[PDB]
Amino acid sequence: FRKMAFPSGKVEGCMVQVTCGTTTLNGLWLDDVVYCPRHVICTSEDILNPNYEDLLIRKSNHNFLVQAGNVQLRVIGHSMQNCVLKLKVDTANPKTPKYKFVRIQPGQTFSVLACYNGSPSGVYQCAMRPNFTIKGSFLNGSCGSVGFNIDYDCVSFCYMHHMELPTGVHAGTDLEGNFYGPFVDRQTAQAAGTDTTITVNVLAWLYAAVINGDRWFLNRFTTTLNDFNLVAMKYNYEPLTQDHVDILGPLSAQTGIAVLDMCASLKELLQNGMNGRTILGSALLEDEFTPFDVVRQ
Amino acid sequence: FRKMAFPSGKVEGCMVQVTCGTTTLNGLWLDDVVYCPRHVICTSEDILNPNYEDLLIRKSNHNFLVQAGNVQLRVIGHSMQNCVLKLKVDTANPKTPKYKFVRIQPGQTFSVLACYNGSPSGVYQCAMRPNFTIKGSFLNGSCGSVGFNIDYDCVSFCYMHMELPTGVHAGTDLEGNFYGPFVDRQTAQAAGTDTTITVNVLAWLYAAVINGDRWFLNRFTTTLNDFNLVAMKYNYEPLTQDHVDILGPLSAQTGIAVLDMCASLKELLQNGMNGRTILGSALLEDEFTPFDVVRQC
Ligand SMILES: *[C@@](O)(CO)[C@H](C[C@@H]1CCNC1=O)NC(=O)[C@H](CC(C)C)NC(=O)c1cc2c(OC)cccc2[nH]1
Ligand SMILES: *[C@@](O)(CO)[C@H](C[C@@H]1CCNC1=O)NC(=O)[C@H](CC(C)C)NC(=O)c1cc2c(OC)cccc2[nH]1
């Protein structure tokens with residue numbers, strides 16, 4: 001059982017480089033539109049406090065250099081949607097997949113294709129944290145890298161990368177340009193809200209361990225849903241809802257372990273610690289596998 | 001630090017399915033050759049003690065069903081190289097990347113594109129253990145999935161996918177030679193006892209130093225032989241000359257001589273971590289290569 005990303009080929013064919021003046025970043029080329037973070041129009045001075053509509057009206061189509069591989073695409077129009085710039089080009093991307101733009105919910109996972117200078121570099125799985133950060137791996141020039149899920153050849157784009165917080169976690173927007181979380185595309189040191197642990201995912205991951213032959217953390221006890229949630233909130237875990245209980249059904253039926261039985265196991269792990277033992281190779285409780293992630297794998 | 005896979009698109013375009021009788025697995029289509037595990041030719045009555053040479057004589061080109069999706073590729077020749085079958089087909093794959101076949105050493109990392117019926121399912125990083133197993137995530141039908149590294153758009157294929165009774169996985173290089181002492185028969189096989197990948201732990205310590213976490217740097221050095229003798233008493237792999245040289249770039253970057261870092265690790269092995277952490281963790285990580293570290297740092 002490993003963190004597994006979706007195959008990235010359908011997205012790789014869409015990554016381009018966008019350059020405005022001295023600033024370059026990545027763009028997403030779908031049909032005849034290139035989507036990229038709007039701060040590509042800011043100079044190192046503008047970015048401390050950018051008035052984006054005022055800066056964008058002063059730019060011309062020819063101010064934007066878009067490169068796909070080596071070939072330059074001609075920008076024939078541009079509009080802004082929240083924090084995302086939409087550059088219209090005279091060439092349709094012939095490798096555009098079936099796609100949708102979606103805004104994901106906290107606790108849901110997606111694959112990130114990290115890119116630099118329009119070139120894909122790496123792929124890995126992230127979860128949208130409850131405080132709307134993600135724990136990714138992004139360096140200078142990664143802005144405009146995207147996150148996505150794939151379901152039967154349809155790519156659902158959910159994330160476009162914008163910033164790294166002082167704590168080293170990351171923040172970005174959906175493909176409509178609205179940030180996840182309270183962040184703003186200005187060059188400032190921003191803190192997130194206090195993060196919490198994705199309870200339903202920890203439970204799904206304990207089920208994954210049982211499906212894979214590890215049972216050491218199980219116990220004879222049970223708990224009520226409310227009593228579990230009282231302990232969970234005390235340990236900065238998210239509440240577990242009845243919808244979460246229902247979503248864990250298949251894993252429960254597959255293993256024959258009642259959800260609230262597994263909740264009692266997690267309660268014990270939380271109150272007694274792991275005592276130096278490991279689960280699926282981890283010395284920490286893992287919360288970035290969803291129940292679907294476990295089933296799909 | 002994230003386990004990051006290479007973008008998989010260049011390999012996705014090479015995946016096909018190969019069927020013999022009722023047995024379907026995955027194959028790798030490069031130029032006009034499809035490479036796949038030779039046990040596709042076995043029936044349930046052959047796999048226990050297969051005589052591959054006599055089984056292959058009874059096969060003809062028209063016994064092999066090779067499909068890119070649902071499109072059949074006509075087989076025009078067949079041969080066996082060690083544990084791989086090579087089916088010559090009448091169409092050169094237009095998506096063939098620049099590629100090489102490489103045999104990796106223990107400790108090296110690579111991306112696995114897990115595939116089923118020729119259709120890529122997910123991608124993730126693996127490390128070759130010193131006992132020549134990988135901790136993969138493979139189900140029924142995964143055989144023929146490949147592992148690879150990508151350097152300047154050249155794909156170096158290193159792995160073609162058995163699951164041991166312990167749940168780890170074994171396979172061959174693309175010339176059909178198993179990593180480790182395994183054979184392609186339907187038989188419960190055991191790997192040698194594993195060891196910790198020393199060169200990768202040292203890479204991890206360099207990564208910590210790069211990031212300002214350097215409490216473990218001491219005032220000692222060691223000879224390579226003295227370190228290797230200690231390492232073996234703690235179930236750590238001995239270092240080779242090649243290991244010393246691939247640590248060269250990180251040693252230059254930090255100014256910490258390789259043998260000085262060996263002396264720091266030796267102290268950690270003999271005394272333990274004393275409840276202290278390195279890069280946030282009480283456990284030393286051995287699945288990041290020196291290349292992986294320079295890439296994320
Ligand atoms: C982009 O790629 C910009 O094109 C860049 C991506 C990060 C660089 C290092 N790792 C990354 O993920 N994003 C930024 O540089 C953004 C730009 C904003 C959205 C206009 N800024 C930050 O991520 C940022 C600014 C500051 C800061 O200021 C002062 C202080 C502390 C942290 C910090 N992060
Ligand atoms: C390929 O899909 C087969 O074409 C399959 C992959 C494994 C299935 C479960 N996870 C995998 O990685 N491979 C096999 O089933 C191979 C086939 C051989 C090479 C002919 N066999 C095994 O992996 C195998 C057989 C036995 C066994 O016997 C008896 C006893 C214990 C373990 C075991 N593994």
# chains A, B, ... in the order shown; residues from 1 in each chain; ligands from 1

call {"tool": "closest_atom_pairs", "arguments": {"of": "chain B", "to": "chain A", "cutoff": "12 Å", "atoms": "only C-alpha atoms", "output": "Markdown table"}}
result
| residue | atom | partner | partner_atom | distance |
| --- | --- | --- | --- | --- |
| B:1 | CA | A:137 | CA | 6.9 |
| B:2 | CA | A:137 | CA | 6.4 |
| B:3 | CA | A:124 | CA | 7.1 |
| B:4 | CA | A:124 | CA | 5.3 |
| B:5 | CA | A:123 | CA | 5.1 |
| B:6 | CA | A:122 | CA | 4.7 |
| B:7 | CA | A:122 | CA | 5.3 |
| B:8 | CA | A:8 | CA | 5.7 |
| B:9 | CA | A:9 | CA | 3.6 |
| B:10 | CA | A:9 | CA | 7.2 |
| B:11 | CA | A:9 | CA | 8.6 |
| B:12 | CA | A:9 | CA | 6.9 |
| B:13 | CA | A:9 | CA | 8.4 |
| B:14 | CA | A:9 | CA | 11.6 |
| B:95 | CA | A:9 | CA | 11.9 |
| B:110 | CA | A:122 | CA | 11.9 |
| B:111 | CA | A:123 | CA | 9.9 |
| B:112 | CA | A:4 | CA | 9.7 |
| B:113 | CA | A:7 | CA | 7.5 |
| B:114 | CA | A:7 | CA | 9.1 |
| B:115 | CA | A:7 | CA | 9.9 |
| B:119 | CA | A:7 | CA | 10.0 |
| B:120 | CA | A:7 | CA | 6.6 |
| B:121 | CA | A:7 | CA | 6.6 |
| B:122 | CA | A:6 | CA | 4.7 |
| B:123 | CA | A:5 | CA | 5.2 |
| B:124 | CA | A:4 | CA | 5.2 |
| B:125 | CA | A:4 | CA | 8.5 |
| B:126 | CA | A:2 | CA | 9.4 |
| B:134 | CA | A:2 | CA | 11.5 |
| B:135 | CA | A:2 | CA | 8.3 |
| B:136 | CA | A:2 | CA | 7.1 |
| B:137 | CA | A:1 | CA | 5.5 |
| B:138 | CA | A:297 | CA | 8.8 |
| B:139 | CA | A:297 | CA | 8.6 |
| B:140 | CA | A:297 | CA | 11.8 |
| B:149 | CA | A:122 | CA | 11.1 |
| B:150 | CA | A:121 | CA | 9.5 |
| B:151 | CA | A:121 | CA | 10.3 |
| B:152 | CA | A:121 | CA | 10.4 |
| B:153 | CA | A:119 | CA | 10.2 |
| B:165 | CA | A:213 | CA | 11.6 |
| B:166 | CA | A:213 | CA | 10.1 |
| B:167 | CA | A:212 | CA | 8.6 |
| B:168 | CA | A:1 | CA | 10.4 |
| B:275 | CA | A:276 | CA | 11.6 |
| B:280 | CA | A:284 | CA | 11.6 |
| B:281 | CA | A:283 | CA | 9.0 |
| B:282 | CA | A:283 | CA | 8.8 |
| B:283 | CA | A:283 | CA | 8.3 |
| B:284 | CA | A:283 | CA | 11.5 |
| B:285 | CA | A:282 | CA | 11.3 |
| B:292 | CA | A:122 | CA | 11.1 |
| B:295 | CA | A:121 | CA | 9.6 |
| B:296 | CA | A:137 | CA | 7.3 |
| B:297 | CA | A:139 | CA | 8.5 |

call {"tool": "select_by_dssp", "arguments": {"residues": "range 98-279 of chain A", "states": "helix (DSSP H, G or I)", "output": "PyMOL selection string"}}
result
chain A and resi 199-211+225-234+242-247+249-255+259-272

call {"tool": "closest_atom_pairs", "arguments": {"of": "chain A", "to": "ligand 1", "cutoff": "6 Å", "atoms": "only C-alpha atoms and all ligand atoms", "output": "tab-separated table"}}
result
residue	atom	partner	partner_atom_place_in_ligand_line	distance
A:25	CA	ligand 1	4 (O)	5.3
A:39	CA	ligand 1	20 (C)	5.6
A:47	CA	ligand 1	20 (C)	5.6
A:138	CA	ligand 1	12 (O)	4.4
A:139	CA	ligand 1	10 (N)	4.0
A:140	CA	ligand 1	8 (C)	4.0
A:141	CA	ligand 1	2 (O)	4.1
A:142	CA	ligand 1	2 (O)	4.3
A:143	CA	ligand 1	2 (O)	3.3
A:162	CA	ligand 1	19 (C)	4.9
A:163	CA	ligand 1	23 (O)	3.2
A:164	CA	ligand 1	23 (O)	3.9
A:165	CA	ligand 1	32 (C)	4.9
A:166	CA	ligand 1	32 (C)	4.4
A:185	CA	ligand 1	19 (C)	4.0
A:186	CA	ligand 1	20 (C)	4.3
A:187	CA	ligand 1	28 (O)	4.3
A:188	CA	ligand 1	28 (O)	3.5
A:189	CA	ligand 1	30 (C)	3.5

call {"tool": "residues_near_ligand", "arguments": {"ligand": "ligand 2", "cutoff": "8 Å", "atoms": "only C-alpha atoms and all ligand atoms", "output": "PyMOL selection string"}}
result
chain B and resi 23-25+37+39-40+42+47-48+137-144+161-165+167+169-170+183-189

call {"tool": "atom_distance", "arguments": {"atom1": "CA of residue 45 in chain A", "atom2": "CA of residue 59 in chain A"}}
result
16.2 Å

call {"tool": "closest_residue", "arguments": {"among": "A:49, A:26, A:271, A:201", "to": "residue 238 in chain A", "atoms": "only C-alpha atoms"}}
result
A:201

call {"tool": "select_by_dssp", "arguments": {"residues": "range 119-151 of chain B", "states": "strand (DSSP E or B)", "output": "MDAnalysis selection string"}}
result
chainID B and resid 119:127 134 146:151

call {"tool": "atom_distance", "arguments": {"atom1": "CA of residue 160 in chain B", "atom2": "CA of residue 128 in chain B"}}
result
12.6 Å

call {"tool": "atom_distance", "arguments": {"atom1": "CA of residue 169 in chain A", "atom2": "CA of residue 182 in chain A"}}
result
13.9 Å

call {"tool": "residues_around", "arguments": {"residues": "residue 67 in chain B", "least_positions_apart": "5", "cutoff": "7 Å", "atoms": "only C-alpha atoms", "output": "PyMOL selection string"}}
result
chain B and resi 16-18+72-73

call {"tool": "closest_residue", "arguments": {"among": "A:72, A:22, A:149, A:96", "to": "residue 110 in chain A", "atoms": "only C-alpha atoms"}}
result
A:149

call {"tool": "decode", "arguments": {"residues": "range 110-121 of chain A", "atoms": "N, CA, C and O atoms", "output": "mmCIF file, in the first residue's frame"}}
result
data_model
loop_
_atom_site.group_PDB
_atom_site.id
_atom_site.type_symbol
_atom_site.label_atom_id
_atom_site.label_comp_id
_atom_site.auth_asym_id
_atom_site.auth_seq_id
_atom_site.Cartn_x
_atom_site.Cartn_y
_atom_site.Cartn_z
ATOM 1 N N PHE A 110 -5.644 14.619 -4.556
ATOM 2 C CA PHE A 110 -5.452 14.839 -5.987
ATOM 3 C C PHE A 110 -3.987 14.613 -6.312
ATOM 4 O O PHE A 110 -3.134 14.584 -5.423
ATOM 5 N N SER A 111 -3.707 14.433 -7.599
ATOM 6 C CA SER A 111 -2.336 14.312 -8.068
ATOM 7 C C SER A 111 -1.827 15.668 -8.514
ATOM 8 O O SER A 111 -2.535 16.408 -9.193
ATOM 9 N N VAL A 112 -0.585 15.967 -8.157
ATOM 10 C CA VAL A 112 0.089 17.195 -8.569
ATOM 11 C C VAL A 112 1.126 16.847 -9.621
ATOM 12 O O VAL A 112 1.933 15.932 -9.421
ATOM 13 N N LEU A 113 1.105 17.575 -10.744
ATOM 14 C CA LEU A 113 2.170 17.512 -11.740
ATOM 15 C C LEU A 113 3.017 18.761 -11.552
ATOM 16 O O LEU A 113 2.630 19.856 -11.977
ATOM 17 N N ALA A 114 4.157 18.607 -10.894
ATOM 18 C CA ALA A 114 5.042 19.743 -10.668
ATOM 19 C C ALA A 114 5.790 20.055 -11.955
ATOM 20 O O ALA A 114 6.345 19.153 -12.586
ATOM 21 N N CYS A 115 5.775 21.322 -12.359
ATOM 22 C CA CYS A 115 6.391 21.755 -13.606
ATOM 23 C C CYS A 115 7.283 22.968 -13.387
ATOM 24 O O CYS A 115 7.053 23.780 -12.484
ATOM 25 N N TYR A 116 8.290 23.093 -14.253
ATOM 26 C CA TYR A 116 9.214 24.224 -14.255
ATOM 27 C C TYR A 116 9.485 24.600 -15.704
ATOM 28 O O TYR A 116 9.740 23.724 -16.535
ATOM 29 N N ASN A 117 9.354 25.889 -16.016
ATOM 30 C CA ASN A 117 9.585 26.397 -17.370
ATOM 31 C C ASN A 117 8.734 25.657 -18.396
ATOM 32 O O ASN A 117 9.173 25.382 -19.516
ATOM 33 N N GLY A 118 7.502 25.327 -18.008
ATOM 34 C CA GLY A 118 6.588 24.622 -18.881
ATOM 35 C C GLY A 118 6.867 23.147 -19.050
ATOM 36 O O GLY A 118 6.196 22.494 -19.859
ATOM 37 N N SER A 119 7.824 22.598 -18.319
ATOM 38 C CA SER A 119 8.222 21.201 -18.486
ATOM 39 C C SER A 119 7.857 20.385 -17.256
ATOM 40 O O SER A 119 8.331 20.699 -16.154
ATOM 41 N N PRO A 120 7.062 19.321 -17.394
ATOM 42 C CA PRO A 120 6.737 18.473 -16.234
ATOM 43 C C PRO A 120 7.979 17.859 -15.592
ATOM 44 O O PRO A 120 8.869 17.352 -16.275
ATOM 45 N N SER A 121 8.016 17.884 -14.261
ATOM 46 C CA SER A 121 9.172 17.446 -13.489
ATOM 47 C C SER A 121 8.877 16.259 -12.587
ATOM 48 O O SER A 121 9.723 15.369 -12.449
#
